[PDB]
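Numbering (PDB author numbering), first residue to last: 1 to 36.
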């Protein structure tokens with residue numbers, strides 16, 4: 001079950017490859033990768 005922006009994540013095998021496991025508040029999720 002992939003995960004989208006802001007989704008409880010640990011480090012590997014959590015949200016979809018289109019995001020990363022680093023939040024700016026929840027501190028425990030996967031945020032979409034938007035490296036402008």
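Don't be surprised by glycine CBs; every beta carbon is placed ideally from N, CA and C.
**OP:** Using alpha carbons as the reference points, say which of 18, 3, 27 and 28 lies closest to residue 35.
**Re:** Within the chain shown, the letter at position 35 stands for residue 35. Closest by alpha carbon: 18.
Original post:
How about residue 11 and residue 21: do their beta carbons lie closer than 7 angstroms?
Top reply: Along the chain shown, read from residue 1 onward, the residue named residue 11 stands at position 11. Along the chain shown, read from residue 1 onward, the residue named residue 21 stands at position 21. Contact: yes.
Subject >> Outcome for residue 16 when other beta-carbon atoms lying within 10 angstroms are tallied against a minimum of 16 >> reply: For the purposes of this step, residue 16 is identified with residue 16 of the chain shown, where counting begins at 1. Residue 16 comes out exposed.
Original post:
What residues match up with residue 31 in a beta bridge as DSSP calls it?
Top reply: As a first step, residue 31 is located in the chain shown; it is residue number 31 there, counting from the start. Residue 31 is bridged to 20.
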